[PDB]
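In: got an experimental structure here, sequence first:
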Amino acid sequence: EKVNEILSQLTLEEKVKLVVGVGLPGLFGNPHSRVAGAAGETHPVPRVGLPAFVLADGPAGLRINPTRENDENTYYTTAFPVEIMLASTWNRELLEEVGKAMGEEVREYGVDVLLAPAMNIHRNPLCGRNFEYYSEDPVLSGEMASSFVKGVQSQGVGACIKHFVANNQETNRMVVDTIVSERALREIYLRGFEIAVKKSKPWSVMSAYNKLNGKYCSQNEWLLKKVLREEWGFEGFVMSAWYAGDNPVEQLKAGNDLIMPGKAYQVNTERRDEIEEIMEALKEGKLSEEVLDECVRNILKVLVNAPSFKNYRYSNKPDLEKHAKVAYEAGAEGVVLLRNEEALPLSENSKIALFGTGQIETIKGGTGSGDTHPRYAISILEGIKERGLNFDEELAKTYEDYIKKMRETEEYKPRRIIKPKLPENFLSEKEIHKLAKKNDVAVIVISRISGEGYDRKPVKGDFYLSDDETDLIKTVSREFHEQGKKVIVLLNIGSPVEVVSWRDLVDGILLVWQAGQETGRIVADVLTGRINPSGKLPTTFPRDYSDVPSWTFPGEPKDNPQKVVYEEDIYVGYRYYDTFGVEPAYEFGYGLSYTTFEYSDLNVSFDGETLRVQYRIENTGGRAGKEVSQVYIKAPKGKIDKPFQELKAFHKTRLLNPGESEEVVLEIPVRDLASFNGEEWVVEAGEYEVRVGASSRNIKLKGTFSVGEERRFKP
Ligand SMILES: OC[C@H]1O[C@H](O)[C@H](O)[C@@H](O)[C@@H]1O
Ligand SMILES: [Br-]
Ligand SMILES: [Br-]
Ligand SMILES: [Br-]
Ligand SMILES: [Br-]
């Protein structure tokens, strides 16, 4: 009743103020948000008891200013592992915990809505923001997102799933027209958002920068209204990506309730003030008051539940120590062991020769709106020191000295905030020979960073190893292998890189991604086996970039794309590699363990409305560990073309001791089995195959069931 009451009290002008942000806080002419560093604020209306609501990034943790002027207090937040690493956990419960921790910091720092999680599909590994997205698969993505949203919103604050939809490249994102069939949309790109919307009920959705089939997402009625609302039954409000679109009136008409951050003229001289443009449109009858009321109601019906609406006295003192444990745990389960030829874990007291500048310049996460400002960030070297591991102390000082020297130099000093990539081959061929005799093992850090606004390139030093990185690995490998010793590589990266050319040169490979503030601790602990790797890939690692099915990336013309066509359609990520027989370097769902697991006791039953899959996993190794199991369904060929198989469920065991087992029981609604034929979802009659895998290509148990009667669903 409150909402309809406030609504009835508002004047036309106050209503317009409410659907437009107050401008980017603390930049240009604008005052700081009462939470300094926050991404945006709504217009207050004291008249009718509406406060300003505060919105802030981001996916890796709350992003606000750590300090404030005329203030002795401190406002640090927890920097969690990046989303691609969180997805690697394949652990819903854990993602929910990460949401709660973040949510407590959101609430207690006076924020009302967290601008997370990001959940665009990994269409192409070069997308600059892949690090802060979950997966190339909509079920993994949707399920991780749902868990995170539930976590955040258990804390009395709102989540915001973004970016809706098909924002799968950074190049010309604010302008590019994304051409995608309705089938690709419904099966791949819309699909994760559908799951999140239906299962977790996020307070808000952020419409994407890009056009979708001719229309800006922020101004796309089919997207924000027919699909989101009418079909899916979304009950929240939609906000625009910052400065997205070109027409505030079209945005409101489309179902984009909240225009952020407001004052677009401050960034684009050709935009009018949106309040003035809207007021004029109302005056002229270009926009009806009824549409305006709907947008305002969508906003209030959600935000009357925000802490700010009840004048919540936030503490400015969240439990950072408790949240750090959660960040460490998330990182611990998200590391992916890609290769282990009797190399890991390291023996106790093993003397480590630590290589690569990334050991010191460790990447905690990518740049942009999804960045964070934690009190600390434990480098790989620091974590190893902290845990008291036996490392070459002379070498570590050499690296420290070399980085200082290089970063002080003109060519490599941080510019404007990028740090030029350092040469990694500064050690002499004889210096490394000395290292091989002195130490027991080699550990080489390979680091990459990416971020909002920039796409990566299929070139050396980016997707490919730079020549100096290749030379370092070759030399270290040769030297240490001659001495009978093992070499380990740590991939401190945010998205796939080439691995085929060098992986056979080394014995161990740990994909440690970018693990936030606790990175070095997580990494050290994985090396010694205190952590048993349980992460599995949420995205495909291709042998070569030319293998990638999304070849049109980043569009036409390449250097200034006005449009990009998803030629590969539904056949993206593993759906492509499986269906057309292209072998990846490492497949979707792949990941090793320090122990072994045996799958057994498969039972499959379909009562016509629910597919029930049960099996048993036993730890047959000598170290406790968790196992991620994946259930792929292979639908019959029947009427329409379909991928080879599709992930429909997944699970992760508790921490099993040697000899322990766990019974897995998963249920899949019949509707989930459907393919979209362009008009409707269809679950074709026929024999289906259940494929329970330790990865999409390591199937451990197979069974079948039959659909007797075709089922159809209109969107
Ligand atoms: O920082 C506010 C927003 O700015 C941009 O729209 C980013 O794409 C979005 O992810 C972020 O939440
Ligand atoms: Br997407
Ligand atoms: Br391998
Ligand atoms: Br990266
Ligand atoms: Br194209």
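Out: Nice, thanks for sending it over. Numbering: from 1, shown residues only. Ligands and ions are numbered 1, 2, ... in the order given.

In: contacting residues for residue 634?
Out: Contacts for residue 634 (Cβ atoms under 8 Å, 6 or more residues apart in numbering) come out as 644-646, 688-689, 691. Heads up, the C-betas are built off the backbone N, CA and C, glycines and all.

In: how far away is it from ligand 3?
Out: 26 Å (Cβ to the ion, to the nearest Å).

In: now swap in residue 648 and tell me
Out: Residue 648 is 28 Å from ligand 3, by Cβ to the ion.

In: doesn't that residue belong to a strand?
Out: Yes. Residue 648 forms part of a strand when assessed by DSSP: H, G, I helix; E, B strand; the rest coil.

In: for burial, what's the neighbour tally of it?
Out: Neighbour count for residue 648, taken as other Cβ atoms under 10 Å: 21.

In: now residue 63. Nearest residue, chain neighbours left out?
Out: residue 57 (4.3 Å; Cβ to Cβ, 6 or more residues apart in numbering).

In: which residues touch the one you found?
Out: Neighbour list for residue 57: 39, 63, 114-116, 369-371 [criterion: Cβ under 8 Å, 6+ apart].

In: could you do residue 547 as well?
Out: Residue 547 is in contact with 577, 582, 584, counting by Cβ under 8 Å, 6+ apart.

In: I'd like to know which of those residues are part of helices.
Out: residue 577 (DSSP state H).

In: which two among the contacts of residue 634 are spaced furthest apart?
Out: Distance extremes for the contacts of residue 634: the farthest pair is 644 and 688 at 12.9 Å, using Cβ to Cβ.

In: who has more neighbours out of these two?
Out: residue 688 (21 against 18).

In: show me the beta-bridge partners of that one.
Out: residue 705 (DSSP bridges).

In: adjust the sequence numbering to begin at 41 for everything that follows.
Out: Yep, numbering from 41; the last one is residue 728 now.

In: is it true that it touches residue 675?
Out: Yes. Counting by Cβ atoms under 8 Å, residue 728 touches residue 675, with 5.7 Å between them.

In: list residues touching both of these two?
Out: residue 713.

In: turn the contacts of residue 674 into TSV, including distance to residue 191.
Out: Below are those laid out as TSV (distance: Cβ to Cβ, whole Å):
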residue	distance to residue 191
684	34
685	30
686	27
728	33
729	34
731	30
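
In: where do the strands sit along the stretch 641-755 of the chain?
Out: With strands called from DSSP state E, counting those that start in this stretch, the stretch 641-755 of the chain shows them at 650-659, 668-674, 686-692, 701-709, 715-716, 721-723, 726-735, 738-747, 751-753.

In: any idea how far residue 617 lies from ligand 5?
Out: Applying Cβ to the ion to residue 617 and ligand 5 gives a distance of 21 Å.

In: who are the neighbours in contact with the nearest residue to that residue once chain neighbours are set aside?
Out: Leaving aside its chain neighbours, residue 617 sits nearest to residue 624 (5.2 Å; criterion: Cβ to Cβ, 6+ apart). For residue 624, the contact set (Cβ under 8 Å, 6+ apart) comprises 580-583, 587, 614, 617.

In: what is the nearest of the residues you listed to ligand 1?
Out: Distances from ligand 1 to those, taken as Cβ to the nearest ligand atom, are shortest for residue 580 (24.3 Å).

In: so which residues on this structure come close to ligand 4?
Out: By Cβ under 5 Å from the ion, the residues of the chain that approach ligand 4 are 488, 490, 533-535.

In: ok so, going back, can you pick the most crowded of the contacts of residue 624?
Out: Counting by other Cβ under 10 Å, top hit in the contacts of residue 624: residue 580 with 29 neighbours.
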